[PDB]
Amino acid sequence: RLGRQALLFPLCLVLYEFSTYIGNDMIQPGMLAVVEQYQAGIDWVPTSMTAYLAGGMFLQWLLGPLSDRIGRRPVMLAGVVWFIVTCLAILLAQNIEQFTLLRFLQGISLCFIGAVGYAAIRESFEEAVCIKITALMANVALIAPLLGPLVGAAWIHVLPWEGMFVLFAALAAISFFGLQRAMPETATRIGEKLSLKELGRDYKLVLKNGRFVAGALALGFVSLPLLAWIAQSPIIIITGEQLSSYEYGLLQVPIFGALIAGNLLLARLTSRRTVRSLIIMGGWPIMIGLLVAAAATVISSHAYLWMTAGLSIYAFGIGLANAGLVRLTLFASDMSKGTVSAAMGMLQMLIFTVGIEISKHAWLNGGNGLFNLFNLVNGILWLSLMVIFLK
């Protein structure tokens, strides 16, 4: 059962990952239907993603050391079950507030992927095989924001939005049974005590590292325009520009195609290039992309093609530079990779959570110009942290 069929474990971890990612990505275009069904304002549309990501930073710090003490199996499986239950519970929401609360509770399921599931992969599989699994997880995470809005935009013309959550729960159910028969128990620290004050001691120690913080924050700021696009794309395009769901879906193609193209180029150049130079290389289309989108929409607020072009060029730089910065940020601290991962995960989520809300009020008040102007300052914040980060 060990050699061939142990791949069911990473496979099911991947499937669970995908279901939680489209859990955000399929829902965003569906938020228009949701918000119309509850008769709520369009300002709750991006907040759906905010609450989801806020839930993802909630148990982050806790899950890694906890699953180390009580085992990774019961923690991972409990997480998948929690995702299924919360996905089904949102059908009873009855209110946009309660909908957002359950959105938050769903987001907690995100914490289980990296802190426990992936920790088990790192423990179960050799550094060799681990690399491939991480690559598969990276590929899938690239496919979600590309396919999700496409499928989601089509879904609301056929089936009710409630059906999407039944879909996520279904895919998660498959991962559950798979993981239940596949995932090994890798936890070393059973049954050792868990000290919250010593745990908090570790997080205060990583936050004292100057280079780490700069790199972790930079990851947040630089990816914020992309996530803000994902969050606000339905209301910017469909409600704001009065375009259709077909145009909405079409515009996602050059943007996330360029993201993928960026990673593909990254994969080809990684042997002859150093992550430091990849950052500088990705830096150009990132700054130019954000500049083009801001400038064009300050001139003419209604040009979404210039904005999309800009976001596409920027997403290409992201694909190239980001995986590199993740490595450097990880290796900028000598502490436990679990504590380090959770810290940078939470720092990014904080920037995403607050950033999406800020981005929302930017667009509500100033339209597209302000949306892109705020995305531009985020790029400059990333650039600013880069000159510090190296050297």
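Numbers for residues come from their place in the sequence shown, where the first is 1.
Enquirer: Which is higher in the entry, the mean Cα B factor of 103 to 111 or that of 266 to 274?
Expert: Here the higher of the two C-alpha B-factor means belongs to 266 to 274.
Enquirer: Where do the C-alpha atoms have the higher mean temperature factor in this entry, in 220 to 228 or in 234 to 242?
Expert: That would be 234 to 242.
Enquirer: Per the coordinate record, which of the options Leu205, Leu259, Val85, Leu167 holds the highest CA temperature factor?
Expert: Most elevated C-alpha B-factor of the set, per the entry: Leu205.
Enquirer: Among the candidates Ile356, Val34, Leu347, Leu59, give the one with the maximum CA B-factor reported in the record.
Expert: Result of the comparison over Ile356, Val34, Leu347, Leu59: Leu59.
Enquirer: By the record's CA B-factor, is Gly338 among the lowest, middle or highest third of residues in the chain?
Expert: Within its chain, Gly338 is a middle-third residue by C-alpha B-factor, going by the deposited values.
Enquirer: Could you look up the Cα B-factor of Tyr38 in the entry and say which third of the chain it sits in: lowest, middle or highest?
Expert: Middle third - that is where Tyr38 ends up once the chain's C-alpha B-factors are sorted.
Enquirer: Ordered by C-alpha B-factor within the chain, which third holds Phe177? Give me lowest, middle or highest, please.
Expert: Answer is highest: the recorded C-alpha B-factor places it there.
Enquirer: Which third, lowest, middle or highest, does the CA B-factor of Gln94 fall in along this chain?
Expert: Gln94: CA B-factor falls in the highest third of its chain.
Enquirer: Going by the recorded CA B-factors, say which third of the chain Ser301 sits in, lowest, middle or highest.
Expert: As the PDB entry reports it, the C-alpha B-factor of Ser301 lands in the highest third of its chain.
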